[PDB]
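Given as structure tokens, the chain that follows is alone and in the form deposited in one PDB entry.
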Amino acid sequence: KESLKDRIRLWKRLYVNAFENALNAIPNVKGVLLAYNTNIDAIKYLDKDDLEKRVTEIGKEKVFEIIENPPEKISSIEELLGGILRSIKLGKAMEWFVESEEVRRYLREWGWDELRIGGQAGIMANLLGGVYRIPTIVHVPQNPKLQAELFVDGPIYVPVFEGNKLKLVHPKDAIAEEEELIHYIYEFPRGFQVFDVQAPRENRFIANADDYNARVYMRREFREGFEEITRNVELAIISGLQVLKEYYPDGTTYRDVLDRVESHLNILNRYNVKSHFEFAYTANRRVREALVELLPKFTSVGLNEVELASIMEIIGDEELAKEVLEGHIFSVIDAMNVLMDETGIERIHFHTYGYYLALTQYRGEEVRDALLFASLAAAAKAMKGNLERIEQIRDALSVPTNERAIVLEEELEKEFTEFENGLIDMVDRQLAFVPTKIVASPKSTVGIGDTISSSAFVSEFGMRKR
């Protein structure tokens, strides 16, 4: 007989092993490409007193109206503060684009407490190159001194044309007189309260003041030299495409970018580079559909509940979509299988609060251990806010494993086989499952997702190398 306390012990043991497995496998990974979104994250830790004053100055009325009538993008200070309060009320990760110049000035005056690398590729770069020491090539749309220096020391590189020769240099050695792409990040803890609104869960509002990543502008090197860049890596992780709109007022379309991305995938595939897509929520239906059609060209995809559900919705499975959005684990599993049926993709990594899943056409415990590694990395990132040394991830071993997910696994054993803890066989697929490590009082919430997907993908690959 295997009880709950025994199960708690068993996961502690598998967590410890996995961390060791990952450590030994990571040095095998010979290069990762990361694209396309890199920016600056300007982090403010909200203050009740300060926030209230600001709302009050601009007009509390208008601000409170905006909480109920949320715009699509920020065009005034009211809509900014409305967006922030809304984010607090709903305890929700939100991000709105800042079109207004006057607001950008307001954002910069209001300032920040901490400056960190930003964007999905950027955050992943610091982690993979700086913490894991995997040689990393990263797309950086604009590289002024302030941008470049947020990169930690290590094998992090940007491609640069010198003659016909393409060189790989550290970002601090490719500084140009270009734009600061600032994302303003407003973190709040569980129970944060402003006026009569209290936060149910810890989250952040992001006021996105970044005109380049908005349209996915690519550097010369990536447009003209993608092939030479590709010869340098074994892995690629692609993100940032969720921003794309079907139409722009300037007559351009999403197709301009996706045709380009598809060429990249064709090149990646010609070199047998394994690629992972972060399929962030894509508001534009037509674009979401186009992204789904690209999925067969990727090796792997990462997603959460609303992402999985939004995908189910466009292939015409609304019953399943609603159930995924309701958090029903067996519905999540069916959605992953449907997605794999639709696309033939090798790997789907799903993450939510308390547990991860990975569905794969291939087999092995490496899939599970990578989920476990990533779970620790996520926990460590939440504790420390920003990661710097792989040994800091060892600290996450003492964060308790989510007890609800441990119990949930009993349900998985009854429904599916389970040949090993957290490991399920299907006829031509394997399903890995992991109870995660939820940090009660996190230092920051930005970048946790990035840490999850990239950590599982790269450590899995490393561990699977024969």
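Numbers for residues come from their place in the sequence shown, where the first is 1. Between two forms, the rigid core is defined as the largest C-alpha subset superposing within 1.5 Å.
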| property | result |
| --- | --- |
| Segment of higher mean CA temperature factor, 370-378 or 106-114 | 106-114 |
| Stretch exceeding the other in mean C-alpha B-factor - 279-287, 197-205 | 197-205 |
| Member of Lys274, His139, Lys73, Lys297 with the greatest C-alpha B factor (per the PDB record) | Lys73 |
| Member of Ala121, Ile345, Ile314, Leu244 with the greatest C-alpha B factor (per the PDB record) | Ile314 |
| For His170, the third of its chain into which the C-alpha B factor falls | middle |
| Relative C-alpha B-factor of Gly163, binned into the chain's lowest, middle or highest third | highest |
| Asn21 - which third its CA temperature factor falls in, relative to the rest of the chain | middle |
| Chain-wide C-alpha B factor ranking for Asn266, given as lowest, middle or highest third | middle |
| Third of chain Cα B-factors occupied by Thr436 | lowest |
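Keep in mind the form deposited in another entry is missing from the figure; the text below concerns it.
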{"query": "Core-fitted Cα difference of 2 Å or more between this form and the one not shown, single residue among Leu294, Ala214, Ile390, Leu107", "finding": "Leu107"}
{"query": "Threshold 2 Å Cα movement between this form and the one not shown at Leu168, rigid core reference", "finding": "no"}
{"query": "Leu51: Cα shift of 2 Å or greater between this form and the one not shown (core-aligned)", "finding": "yes"}
{"query": "Large Cα move at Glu227 between this form and the one not shown, threshold 2 Å, rigid core", "finding": "no"}
